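Read off the chains here:
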Amino acid sequence: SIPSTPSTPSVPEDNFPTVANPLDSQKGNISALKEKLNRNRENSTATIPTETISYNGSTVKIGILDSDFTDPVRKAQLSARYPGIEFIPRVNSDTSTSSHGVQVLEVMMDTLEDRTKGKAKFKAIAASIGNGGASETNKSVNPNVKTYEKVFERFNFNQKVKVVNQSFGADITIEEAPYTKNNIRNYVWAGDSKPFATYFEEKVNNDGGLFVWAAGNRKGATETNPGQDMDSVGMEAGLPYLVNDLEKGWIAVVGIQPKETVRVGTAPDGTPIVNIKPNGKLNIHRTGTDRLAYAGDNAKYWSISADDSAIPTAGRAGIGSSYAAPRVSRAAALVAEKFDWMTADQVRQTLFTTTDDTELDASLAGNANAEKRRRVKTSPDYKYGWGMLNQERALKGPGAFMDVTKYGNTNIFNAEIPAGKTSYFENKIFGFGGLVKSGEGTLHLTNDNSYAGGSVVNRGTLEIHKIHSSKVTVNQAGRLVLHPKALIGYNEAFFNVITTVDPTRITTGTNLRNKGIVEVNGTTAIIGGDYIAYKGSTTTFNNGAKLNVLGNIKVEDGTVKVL
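Residues numbered from 1 in each chain as written, not as in the entry; some residues may be left out. Heavy atoms only, no water.

This deposited entry lists X-ray crystallography as its structure determination method and 2.040 Å as its resolution.

K.L.:
Account for the sheet that holds strand 24 (residues 525-527), naming residues and giving values.
P.N.:
Read across the open sheet, the four strands follow the order 18-21-24-27; overall the sheet is parallel. Of all the strands in the sheet, just strand 18 (467-468) and strand 27 (547-549) have a single pairing partner and so form its edges. The sheet contact formed by strand 21 (residues 487-488) and strand 24 spans two bridges and is parallel. The residue of strand 24 that forms the bridge with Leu487 is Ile526. Packed onto the sheet, helix 1 (residues 30-43) meets strand 18, strand 21, strand 24 and strand 27 and runs at close to 145 degrees relative to strand 24. (Pairing = 2+ DSSP bridges. Helix = DSSP H or I, 4+ residues; strand = E, 2+ residues; numbered from the N terminus. Contact = heavy atoms within 4.5 Å. Axes fitted to C-alpha atoms, helices over the stretch in contact; angles between N-to-C directions.)

K.L.:
I'd love a proper account of the pairing of strand 17 (residues 460-464), names of residues and values included.
P.N.:
When you tally the buried positions in strand 17, you get five out of five residues, the bulk of the element. Relative to strand 20 (residues 478-482), strand 17 runs parallel, the two sharing five bridges. Each bridged residue has a counterpart across the sheet, and for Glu463 the counterpart in strand 20 is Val481. (Buried < 20%, exposed > 50% of the residue type's maximum accessible area, 1.4 Å probe, protein only.)

K.L.:
I'd love a proper account of the packing of aromatic side chains, names of residues and values included.
P.N.:
Counted under the stated rule, the structure contains 30 aromatic pairs. Plain terms: the ring middles of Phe200 and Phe211 are 5.0 Å apart, the flat faces sit at 75 degrees to each other, and that makes the pair edge-to-face. Of this pair, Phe200 sits in helix 5 (residues 196-206) while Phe211 sits in strand 6 (residues 209-214); the two residues are 11 residues apart in sequence, bridging distant segments of the chain. There is no split in this pair, since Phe200 and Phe211 are both buried. Among the aromatic residues, ring-to-ring pairing joins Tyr148, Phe152, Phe155, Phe168, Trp189, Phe196, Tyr199, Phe200, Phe211, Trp213 and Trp250 into one connected group. A cation over a ring is seen here: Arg291 above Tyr294, with NZ or CZ 3.6 Å from the ring centre. Sitting above the plane of the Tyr534 ring, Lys515 keeps its charged end 5.1 Å from the centroid. (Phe/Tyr/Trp six-rings, centres within 6.5 Å; stacked < 30°, edge-to-face > 60°. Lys NZ or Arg CZ within 6 Å of the ring centre and 35° of its normal.)

K.L.:
Which residues make up the domain arrangement of the chain, and what are the values?
P.N.:
Accessible area lost upon the coming together of the parts serves often as the stated size of an interface. Domain boundaries assigned for the chain yield domain 1 (12-52 + 395-555) and domain 2 (61-252 + 284-307 + 319-350). Computed from C-alpha atoms alone, the centre-to-centre distance between domain 1 and domain 2 is 40 Å. Contacts between the two partners involve 24 residues from domain 1, matched on the other side by 20 residues from domain 2. For the pair domain 1 and domain 2, the two sides together bury roughly 1,800 Å², of which 57% comes from carbon and sulfur. It is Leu395, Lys406 and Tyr407 that lose the most area in domain 1 upon contact with domain 2, and together they represent 38% of the buried surface on that side. Seen at the junction of domain 1 and domain 2, the total is one salt bridge. Residue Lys421 is joined to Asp340 by a salt bridge in which the shortest nitrogen-to-oxygen separation is 3.0 Å. Joining domain 1 to domain 2, the criterion identifies eight residue pairs in polar contact. For the side of domain 1 that touches domain 2, the secondary-structure elements that each account for two or more residues are strand 12 (412-416) and strand 13 (422-425). Ranked by residues supplied to the side of domain 1 that touches domain 2, first place goes to strand 12 with four residues. Residues that form the side of domain 1 that touches domain 2 fall into these classes: 13 nonpolar, six polar and five charged. (Domains from an automatic or database assignment. Buried area = accessible area lost by both parts, 1.4 Å probe. Salt bridge = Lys/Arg side-chain N within 4 Å of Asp/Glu carboxyl O. Polar contact = N/O pair within 3.5 Å; in protein donor to acceptor, adjacent residues only side chain to side chain. Nonpolar A, V, L, I, M, F, W, Y, C, P; charged D, E, K, R; others polar.)

K.L.:
Can you tell me about the side chain of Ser44, naming the residues and giving the values?
P.N.:
Its place among the elements puts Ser44 in the loop between helix 1 and strand 2 (61-66). Relative accessible area serves as the criterion here: at 17%, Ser44 is assigned to the buried category. Filtering out sequence-adjacent residues up to four positions away, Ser44 remains in contact with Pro484, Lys485 and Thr524.

K.L.:
An account of helix 8 (residues 344-352) is needed here, citing residue identities and associated values.
P.N.:
Across the nine residues that make up helix 8, a large majority, eight, are buried. Where helix 8 is concerned, the buried positions are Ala344, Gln346, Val347, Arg348, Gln349, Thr350, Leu351 and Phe352. Here the buried face of helix 8 lies against strand 6, strand 7 (250-259), strand 11 (303-307), helix 7 (321-338), helix 9 (391-394) and strand 12.

K.L.:
So what's going on with the side chain of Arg115? Which residues, and what values?
P.N.:
Counting through the fold element by element, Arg115 comes out in the loop between helix 3 (100-108) and strand 4 (123-128). The class for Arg115 is buried, based on a relative accessible area of 18%. A polar side-chain atom of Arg115 sits 3.2 Å from the main-chain carbonyl oxygen of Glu113. In contact with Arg115, other than residues within four places in its own chain, are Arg81, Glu106, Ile311, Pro312 and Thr313.

What follows is the structure in structure tokens.
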């Protein structure tokens, strides 16, 4: 072990010789030059690629622990409805007749109203922990590590992120739970020898476990009493508060309404019947004693909202955070499948940074407004967490590079993509943070991005198709491909997404540093700053390609091959 000296502040690039810039004659009017370059860029006919293929879950498994999946009739129905479903035999003598588990599973599988099939094709690992006996209205559960161990055995070792749904939890908020950070790891569920907190730490830290929990409904509700407001997540949903290293593999799920409803009856079962409120708001909590749990001011960092409705049968539908959690579990499993190189934490960030905003005017409904509904905020809130889940947007990859956590720092997104894999990030990505591309595979940024922390290409390929607001650095083993509409250096605030291109906002100090490979296509790509090529670097122009550098072109020495 030998100490290192810190590097003296110097910027050697200040001494790099410059290369003649063809645009130099036009630089007397920088505004006009920006305008012309941008016009040419916008009129380019280059196409923007998209990933069109989806496996729809078919290549992965997903866990669920709920009331009961052991009834032989039910099993046969579920086996037919969801090909490849696996059932875990009970680990103890508990029994349950509650259909809560099945109702949660239906949502998780994206089941059609007619119950013929699910749109999601992942293989559920369905475990039974209900203990309410012969009473079917009794939803009580008895979780244990023994069951979890059996669930995790069914996951393929090669499945990097392993999503598990938990639509159950304590009738107590995390902050009110009678435990401390010093004693939380002393508690064992009945029958276990391993404390649950310790178990969950192992799963999250070593096994890519991603645990999705219903945030909670009401406090102290009974069959006849709607109980009180629950103003923070339940104990298990909020466990990272007491065990910080769980956060990276934890999501609490607040139940909300896609569209504001009004109560219009109760089925013989006790099940609600509601109507769409005329001109109702979008993505909003319920009113009065119908209102479900808030995330609260701590857990909001690992919280997200989703639709709180079960799959309707004959116009009646159960309501609860129990039905919101499985939607998040499903979206997480699908995102993990598509971006199978992501860590569990990167999947959480993907979901959190692609949500829709909450309590929106009814006029924002409809497909034409899908992007207008996007939440663009750099922090979560105590009611909704990171906002309303959007599975479709999540599947196009992260929507912000920034810290999304209470206890960590996810400012830098470390995209490690292996050889033979290509991924497309197709959303507009905002945020204070930035991107580090590693592994031998390829990442495309296909949209107008406003994140401020820059991109570093350490290995494999990064491809830029449109605006990249902040600086870009290609290191020695990295490769950057610039497409005709690429623009590096654009003055957008880190907390906004780009919604109009204004040429006046093209910068003159945002630099592209190349110590590896830069490949240029078209004649219209722009660097709003300097192009700096270092010893050992390659600059390749495909078929007469040109790069428009608004700053200076610099080379480390005469050995560098650029133009």
